[PDB]
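For reference, the structure discussed in these notes is given below.
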Amino acid sequence: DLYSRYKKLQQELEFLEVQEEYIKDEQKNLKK
Amino acid sequence: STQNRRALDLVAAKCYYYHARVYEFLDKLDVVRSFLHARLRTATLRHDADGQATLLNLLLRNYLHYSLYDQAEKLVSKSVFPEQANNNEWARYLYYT
Amino acid sequence: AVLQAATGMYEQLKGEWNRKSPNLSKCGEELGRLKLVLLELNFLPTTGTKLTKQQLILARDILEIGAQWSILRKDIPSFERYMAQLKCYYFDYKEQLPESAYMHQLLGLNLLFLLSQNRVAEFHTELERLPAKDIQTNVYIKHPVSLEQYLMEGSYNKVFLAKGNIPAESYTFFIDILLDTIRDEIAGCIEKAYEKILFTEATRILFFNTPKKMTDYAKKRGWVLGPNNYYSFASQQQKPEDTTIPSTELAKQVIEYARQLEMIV
Amino acid sequence: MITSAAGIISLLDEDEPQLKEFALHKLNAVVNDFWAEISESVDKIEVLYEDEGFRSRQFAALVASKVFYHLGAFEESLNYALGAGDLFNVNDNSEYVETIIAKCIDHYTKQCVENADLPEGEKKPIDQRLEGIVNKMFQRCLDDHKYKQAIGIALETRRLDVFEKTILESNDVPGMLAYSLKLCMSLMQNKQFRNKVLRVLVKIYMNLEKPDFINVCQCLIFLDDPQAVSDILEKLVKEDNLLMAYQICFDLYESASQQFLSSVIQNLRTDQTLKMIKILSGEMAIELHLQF
Amino acid sequence: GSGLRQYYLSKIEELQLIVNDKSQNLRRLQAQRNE
Amino acid sequence: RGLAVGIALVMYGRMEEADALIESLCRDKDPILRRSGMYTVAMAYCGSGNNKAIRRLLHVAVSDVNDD
């Protein structure tokens with residue numbers, strides 16, 4: 001189950017990066 | 001050293017500070033250098049910020065106890081101090097540097 | 001077996017070198033072959049425990065002789081190597097090894113050599129290895145540190161006088177290496193401090209014996225001699241150049257202020 | 001003791017190879033403690049490995065790797081570990097050995113991933129020593145009966161040979177196959193390499209003692225191969241295994257595109273085959289669904 | 001008798017540290033955005 | 001409005017093969033064609049979890065002149 005956990009962690013990291021980029025964009029437009 | 005837990009590192013650093021300290025009263029500080037270097041490497045490879053900072057401070061203190069300023073200069077030149085380190089360890093690192 | 005043969009072999013080198021006119025080539029070959037013998041007999045032991053002290057002592061004496069012989073033919077790398085080994089045999093195994101009589105002299109030689117190569121940062125680090133007592137007490141250590149103080153503070157006359165009162169004859173060679181710098185340093189002051197100096201006036205300043213020795217050094221320095229025996233050093237006209245406004249740098253700094261005020265969000 | 005390696009380093013620039021070899025054999029005993037000062041003589045300790053005529057050049061590499069392993073420059077560390085060769089015994093339990101093994105595995109994975117999508121003409125040949133140590137690491141999991149970890153590394157390294165060998169050699173072939181299929185469907189995203197994994201999975205499935213044709217049909221739906229599914233169905237009809245073929249037809253209509261089923265119909269045409277065309281057309285499937 | 005189990009653990013913990021850091025940073029950014 | 005769904009359906013489940021279309025539709029001045037680009041991102045990445053498409057969808061969601 002080690003590989004499944006490692007791949008899930010990788011996907012979670014990439015999803016977190018996507019979420020942070022979207023949050024920054026939303027702040028940029030929410031100011032406007 | 002046998003264990004590989006994550007929170008133990010937060011305890012582990014303190015152990016090292018006392019592990020050297022007992023030898024400070026033994027006035028050897030030389031047998032401890034190999035152990036300090038090995039644990040510094042094992043903490044750096046593990047991204048253990050607190051343990052790495054404590055071990056770096058202990059190694060610097062050991063080097064300065066014997067006026068080995070060249071060795072400490074090299075060690076601070078190549079090693080990278082953890083940015084997210086304790087203030088009480090940042091003070092020692094800044095003093096030694 | 002090997003230890004006794006190595007001791008006799010070192011005795012051969014000691015007898016050859018202690019002669020008033022040692023043979024540099026023979027001593028060099030002898031030292032080169034002695035190193036090969038030493039490799040087998042735990043040369044530079046790692047974490048030296050209570051092993052045979054005879055090997056440590058023998059290696060220390062051989063390295064001392066080799067270091068003192070490296071300056072005899074006036075070469076840098078051999079002295080560097082022999083001093084690098086001698087420091088390890090001086091400070092590391094000093095618990096079992098006795099205090100070498102020639103240790104302080106050779107350490108002062110190393111410090112003076114570091115001064116000769118302008119590696120003052122290494123000079124202070126190596127000086128800190130000595131105890132704080134013999135720095136101000138032992139003559140072999142007192143002379144190089146005092147020379148460093150004179151060089152840093154600008155007492156160049158004392159720097160030249162340091163040749164006369166050297167602690168040992170071995171200190172001679174490195175002294176000359178320093179002296180060539182001092183002259184080129186002294187003139188560096190003369191150009192920027194003295195606006196105009198007499199030709200003979202620099203004789204004591206530049207520490208030149210022959211007036212002819214002024215001419216070649218001057219044309220090397222490109223000093224415009226004047227008709228009145230005055231060297232005109234008019235070169236301060238190359239000021240910090242406040243005539244030019246560093247508008248690019250100032251604009252960059254102000255733009256960085258604007259960034260730190262606006263880019264935060 | 002030996003608080004300084006300045007003398008040992010000074011034993012590097014001599015003209016006698018014995019002096020350099022002994023200095024190398026003295027440094028590796030203190031590379032774990034005095035790597036900081038040897039970091040500035042890395043050039044002089046690597047020039048020995050550069051020279052071909054040096055006896056301990058491989059050793060000159062190994063010690064250099066150790067210094068880099070202590071310096072954090074893992075790329076040069078693994079390069080010099082490769083240069084050392086047989087002296088880098090992977091069976092050792094030292095931290096340096098396993099750290100360099102991890103860095104080597106990561107570098108090999110990156111190179112293999114880059115080469116997988118690269119054209120065959122531009123495929124950069126991987127260093128032979130890197131492949132050798134990676135294969136030794138694969139054999140390590142094979143001997144330790146850690147089949148799942150080897151499967152994961154094989155998937156990451158895009159090496160289907162080790163993937164198939166680990167699947168077959170494992171004691172639980174069906175369980176490992178199910179785990180591999182779940183990993184290939186849930187984690188893999190390269191599609192084309194996912195298709196390659198499905199191809200080798202189908203190869204393994206066809207060679208089983210009792211072929212689980214259902215998983216083969218599912219992987220072939222994923223692969224979009226009407227010819228293979230039609231061939232499997234027709235040999236199932238010829239083999240008299242009509243029940244499994246009926247189940248295959250129902251699964252085919254349930255979870256496959258209409259164009260795929262139309263191509264399967266064309267392949268099937270080229271009694272029982274009429275029933276197969278009937279099920280694949282689907283009309284009875286909606287018959288039971290509507291009746292229910 | 002473990003193979004790359006230590007390698008897997010090292011990779012997992014290396015990703016876990018970054019995941020925790022990014023999760024905390026994302027929570028802070030989400031608080032700012034929500035405000 | 002009909003063609004917006006239609007163009008998306010033409011490229012259903014095509015993974016990155018629709019990218020050349022998507023960047024064309026997402027950059028169009030017509031709001032309905034941008035909506036078609038969103039639908040095409042949905043159809044060409046059905047259940048793939050492709051975080052590139054998710055990133056594009058979120059960027060359009062938080063920054064677009066048209067509410068539709």
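Ligands are numbered from 1 in the order shown, residues from 1 within each chain, and chains are lettered A, B, ... in the order they appear in the structure tokens.
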Margin query: Give me the residues near stretch 10-19 of chain E as number ranges by chain, where near means some atom within 7 Å (using only C-alpha atoms) and where sequence neighbours in that chain fewer than 6 positions away do not count.
Written below: A: 6, 9-10, 13
Next item on the list: For residue C:70, list every protein, DNA or RNA residue within 10 Å, evaluated using only C-alpha atoms, and leave out those in the same chain fewer than 2 positions away; present the list as a PyMOL selection string.
Entry: chain C and resi 24+28+64-68+72-83
Next item on the list: Quick one: pull the distance between atom CA of residue D:99 and atom CA of residue D:150, Å, one decimal.
Entry: 17.9 Å
Notebook entry, point to check: DSSP on the backbone: what in stretch 7-77 of chain B comes out helix (DSSP H, G or I), as a count of residues only?
Noted result: 60
Next item on the list: Kindly give the distance, in Å, that separates atom CA of residue F:55 and atom CA of residue A:18, rounded to a single decimal.
Entry: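 Going from atom CA of residue F:55 over to atom CA of residue A:18, I get 6.0 Å.
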Check: Could you write out as a ChimeraX atom specification the residues of chain D within 8 Å of chain B, counting only C-alpha atoms?
Finding: /D:1,4,32-33,36-37,70-71,95
Keeping N, CA and C atoms, export the residues of the selection given above as a PDB file, in the first residue's frame.
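This is the output file part-v7.pdb:
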ATOM      1  N   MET D   1      40.553  12.264  17.404  1.00  0.00           N
ATOM      2  CA  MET D   1      41.577  13.212  16.982  1.00  0.00           C
ATOM      3  C   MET D   1      41.413  13.570  15.509  1.00  0.00           C
ATOM      4  N   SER D   4      42.039  17.845  11.718  1.00  0.00           N
ATOM      5  CA  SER D   4      42.209  18.499  10.428  1.00  0.00           C
ATOM      6  C   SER D   4      42.573  17.461   9.380  1.00  0.00           C
ATOM      7  N   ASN D  32      32.873  11.141   6.779  1.00  0.00           N
ATOM      8  CA  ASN D  32      31.659  11.375   7.548  1.00  0.00           C
ATOM      9  C   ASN D  32      31.831  12.443   8.618  1.00  0.00           C
ATOM     10  N   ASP D  33      33.045  12.958   8.814  1.00  0.00           N
ATOM     11  CA  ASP D  33      33.288  13.907   9.892  1.00  0.00           C
ATOM     12  C   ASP D  33      33.977  15.170   9.395  1.00  0.00           C
ATOM     13  N   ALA D  36      33.681  18.790   5.198  1.00  0.00           N
ATOM     14  CA  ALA D  36      33.631  20.225   4.938  1.00  0.00           C
ATOM     15  C   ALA D  36      34.925  20.721   4.304  1.00  0.00           C
ATOM     16  N   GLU D  37      36.070  20.280   4.828  1.00  0.00           N
ATOM     17  CA  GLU D  37      37.347  20.714   4.273  1.00  0.00           C
ATOM     18  C   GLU D  37      37.688  19.992   2.975  1.00  0.00           C
ATOM     19  N   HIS D  70      27.571  14.249   1.454  1.00  0.00           N
ATOM     20  CA  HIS D  70      27.540  15.117   2.623  1.00  0.00           C
ATOM     21  C   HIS D  70      27.296  16.568   2.232  1.00  0.00           C
ATOM     22  N   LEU D  71      27.625  16.939   0.992  1.00  0.00           N
ATOM     23  CA  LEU D  71      27.469  18.323   0.564  1.00  0.00           C
ATOM     24  C   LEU D  71      26.052  18.640   0.108  1.00  0.00           C
ATOM     25  N   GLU D  95      23.819   4.804   5.710  1.00  0.00           N
ATOM     26  CA  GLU D  95      22.908   5.853   5.263  1.00  0.00           C
ATOM     27  C   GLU D  95      23.310   6.387   3.894  1.00  0.00           C
TER      28      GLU D  95
END
Next item on the list: Pick out the residues sitting within 10 Å of residue D:47, and hand them over as a ChimeraX atom specification; count only C-alpha atoms, and ignore anything fewer than 2 positions along from it in its own chain.
Entry: /D:12-13,41-45,49-52,54,57,60-61
Can you write just those residues out, N, CA and C atoms, as a short mmCIF file (atom, residue, chain, number, x, y, z; two decimals), in the first residue's frame?
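Produced file selection39.cif, reproduced below:
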data_model
loop_
_atom_site.label_atom_id
_atom_site.label_comp_id
_atom_site.auth_asym_id
_atom_site.auth_seq_id
_atom_site.Cartn_x
_atom_site.Cartn_y
_atom_site.Cartn_z
N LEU D 12 47.39 14.46 -1.62
CA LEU D 12 46.68 14.21 -2.86
C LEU D 12 47.43 14.65 -4.11
N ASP D 13 48.27 15.69 -4.01
CA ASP D 13 48.91 16.28 -5.18
C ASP D 13 50.33 15.75 -5.40
N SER D 41 38.63 20.49 -1.78
CA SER D 41 39.58 19.68 -2.53
C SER D 41 38.87 18.63 -3.38
N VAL D 42 37.55 18.74 -3.48
CA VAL D 42 36.79 17.91 -4.42
C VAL D 42 37.43 17.90 -5.80
N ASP D 43 37.93 19.04 -6.27
CA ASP D 43 38.57 19.07 -7.58
C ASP D 43 39.78 18.15 -7.64
N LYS D 44 40.64 18.20 -6.62
CA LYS D 44 41.83 17.38 -6.61
C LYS D 44 41.54 15.91 -6.33
N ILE D 45 40.39 15.58 -5.76
CA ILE D 45 40.11 14.18 -5.47
C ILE D 45 39.36 13.59 -6.66
N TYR D 49 40.09 10.41 -10.22
CA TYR D 49 39.15 9.55 -10.91
C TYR D 49 39.11 9.84 -12.41
N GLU D 50 39.36 11.10 -12.79
CA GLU D 50 39.42 11.44 -14.21
C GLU D 50 40.56 10.71 -14.90
N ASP D 51 41.70 10.59 -14.23
CA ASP D 51 42.84 9.88 -14.80
C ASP D 51 42.54 8.39 -14.92
N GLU D 52 42.78 7.83 -16.10
CA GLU D 52 42.53 6.41 -16.32
C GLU D 52 43.61 5.53 -15.71
N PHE D 54 45.24 5.77 -12.97
CA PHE D 54 45.24 5.64 -11.52
C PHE D 54 44.61 4.31 -11.11
N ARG D 57 41.17 4.92 -9.02
CA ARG D 57 40.29 5.93 -9.59
C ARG D 57 38.83 5.64 -9.24
N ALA D 60 38.64 6.63 -5.97
CA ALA D 60 38.64 8.08 -6.01
C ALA D 60 37.24 8.62 -6.30
N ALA D 61 36.46 7.88 -7.09
CA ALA D 61 35.07 8.27 -7.30
C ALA D 61 34.25 8.08 -6.03
#
Item checked: chain D contacts to chain F at 12 Å (only C-alpha atoms) as a list in words ->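 In the required form, that comes to residues 185, 186, 187, 188, 189, 190, 191, 192 and 257 of chain D.
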Dump N, CA and C atoms for the selected residues as a short mmCIF file (atom, residue, chain, number, x, y, z; two decimals), in the first residue's frame?
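Dumped to selection.cif:
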data_model
loop_
_atom_site.label_atom_id
_atom_site.label_comp_id
_atom_site.auth_asym_id
_atom_site.auth_seq_id
_atom_site.Cartn_x
_atom_site.Cartn_y
_atom_site.Cartn_z
N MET D 185 -5.80 2.18 -13.44
CA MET D 185 -7.01 2.95 -13.72
C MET D 185 -7.16 4.19 -12.84
N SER D 186 -6.65 4.16 -11.61
CA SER D 186 -6.88 5.25 -10.68
C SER D 186 -5.75 6.27 -10.64
N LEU D 187 -4.51 5.85 -10.89
CA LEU D 187 -3.35 6.73 -10.74
C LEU D 187 -2.70 7.10 -12.06
N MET D 188 -2.56 6.17 -12.99
CA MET D 188 -1.87 6.46 -14.24
C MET D 188 -2.69 7.41 -15.10
N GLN D 189 -2.01 8.39 -15.70
CA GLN D 189 -2.68 9.41 -16.51
C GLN D 189 -2.05 9.60 -17.88
N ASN D 190 -0.96 8.90 -18.20
CA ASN D 190 -0.29 9.08 -19.48
C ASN D 190 -1.06 8.46 -20.64
N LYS D 191 -2.11 7.69 -20.36
CA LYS D 191 -2.95 7.06 -21.38
C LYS D 191 -2.16 6.09 -22.25
N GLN D 192 -1.22 6.60 -23.05
CA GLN D 192 -0.45 5.73 -23.93
C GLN D 192 0.37 4.72 -23.12
N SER D 257 -18.72 1.93 -25.73
CA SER D 257 -19.34 2.84 -26.68
C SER D 257 -20.02 2.09 -27.81
#
Next item on the list: Write down, as a list in words, each residue of chain A that has any atom within 8 Å of an atom of chain D, counting only C-alpha atoms.
Entry: residues 1, 2, 3, 4 and 7 of chain A
Keeping N, CA, C and O atoms, export the residues of the selection given above as a PDB file, in the first residue's frame.
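This is the output file selection12.pdb:
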ATOM      1  N   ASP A   1       0.826  -1.202   0.000  1.00  0.00           N
ATOM      2  CA  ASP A   1       0.000   0.000   0.000  1.00  0.00           C
ATOM      3  C   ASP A   1       0.863   1.256   0.000  1.00  0.00           C
ATOM      4  O   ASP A   1       0.348   2.373  -0.005  1.00  0.00           O
ATOM      5  N   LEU A   2       2.183   1.060   0.014  1.00  0.00           N
ATOM      6  CA  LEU A   2       3.099   2.195   0.056  1.00  0.00           C
ATOM      7  C   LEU A   2       2.996   3.040  -1.208  1.00  0.00           C
ATOM      8  O   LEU A   2       2.954   4.275  -1.136  1.00  0.00           O
ATOM      9  N   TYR A   3       2.953   2.394  -2.375  1.00  0.00           N
ATOM     10  CA  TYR A   3       2.881   3.140  -3.627  1.00  0.00           C
ATOM     11  C   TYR A   3       1.571   3.905  -3.744  1.00  0.00           C
ATOM     12  O   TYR A   3       1.551   5.042  -4.228  1.00  0.00           O
ATOM     13  N   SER A   4       0.463   3.290  -3.326  1.00  0.00           N
ATOM     14  CA  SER A   4      -0.818   3.986  -3.369  1.00  0.00           C
ATOM     15  C   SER A   4      -0.794   5.225  -2.485  1.00  0.00           C
ATOM     16  O   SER A   4      -1.260   6.295  -2.892  1.00  0.00           O
ATOM     17  N   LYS A   7       1.472   7.937  -4.198  1.00  0.00           N
ATOM     18  CA  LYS A   7       0.815   8.571  -5.336  1.00  0.00           C
ATOM     19  C   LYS A   7      -0.338   9.458  -4.884  1.00  0.00           C
ATOM     20  O   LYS A   7      -0.551  10.541  -5.444  1.00  0.00           O
TER      21      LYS A   7
END
Next item on the list: Record the distance separating atom CA of residue B:57 and atom CA of residue B:8, expressed in Å with one decimal.
Entry: 18.8 Å
Within 10 Å of chain B: each chain C residue with its shortest pair, only C-alpha atoms, as JSON lines:
{"residue": "C:47", "atom": "CA", "partner": "B:31", "partner_atom": "CA", "distance": 9.3}
{"residue": "C:122", "atom": "CA", "partner": "B:70", "partner_atom": "CA", "distance": 8.1}
{"residue": "C:124", "atom": "CA", "partner": "B:69", "partner_atom": "CA", "distance": 9.6}
{"residue": "C:125", "atom": "CA", "partner": "B:69", "partner_atom": "CA", "distance": 6.1}
{"residue": "C:126", "atom": "CA", "partner": "B:70", "partner_atom": "CA", "distance": 8.1}
{"residue": "C:127", "atom": "CA", "partner": "B:67", "partner_atom": "CA", "distance": 9.6}
{"residue": "C:128", "atom": "CA", "partner": "B:67", "partner_atom": "CA", "distance": 6.2}
{"residue": "C:129", "atom": "CA", "partner": "B:67", "partner_atom": "CA", "distance": 5.5}
{"residue": "C:130", "atom": "CA", "partner": "B:67", "partner_atom": "CA", "distance": 8.4}
{"residue": "C:131", "atom": "CA", "partner": "B:67", "partner_atom": "CA", "distance": 9.3}
Note to self: Please find the residues of chain B near chain E - the criterion being any atom within 10 Å, counting only C-alpha atoms - and write them as a ChimeraX atom specification.
What the structure shows: /B:6,45-47
Since we have the selection now, will you write its residues out, keeping N, CA and C atoms, as an mmCIF file, in the first residue's frame?
data_model
loop_
_atom_site.group_PDB
_atom_site.id
_atom_site.type_symbol
_atom_site.label_atom_id
_atom_site.label_comp_id
_atom_site.auth_asym_id
_atom_site.auth_seq_id
_atom_site.Cartn_x
_atom_site.Cartn_y
_atom_site.Cartn_z
ATOM 1 N N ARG B 6 8.611 10.946 13.790
ATOM 2 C CA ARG B 6 8.648 12.337 13.354
ATOM 3 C C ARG B 6 8.643 13.330 14.507
ATOM 4 N N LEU B 45 19.066 14.670 6.080
ATOM 5 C CA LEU B 45 18.412 13.797 5.114
ATOM 6 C C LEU B 45 16.931 13.611 5.413
ATOM 7 N N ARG B 46 16.520 13.797 6.665
ATOM 8 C CA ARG B 46 15.135 13.627 7.078
ATOM 9 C C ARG B 46 14.365 14.940 7.134
ATOM 10 N N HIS B 47 14.996 16.057 6.762
ATOM 11 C CA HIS B 47 14.382 17.384 6.846
ATOM 12 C C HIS B 47 13.889 17.681 8.261
#
Margin query: Using only C-alpha atoms for the distances, tell me which of D:248, D:9, D:101, D:38 is nearest to residue E:7.
Written below: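 Comparing D:248, D:9, D:101, D:38 against residue E:7, the winner is D:101.
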Next item on the list: Using only C-alpha atoms, determine which residues lie at most 12 Å from residue F:26, disregarding the query and same-chain residues fewer than 2 positions distant; provide the list as an NGL selection string.
Entry: :F and (4 or 8 or 18-24 or 28-41 or 53 or 56-57 or 59-61 or 64)
Check: Got a sec: who's within 12 Å of residue E:30, counting only C-alpha atoms, leaving out chain neighbours fewer than 2 positions off, as a count of residues only?
Finding: 21
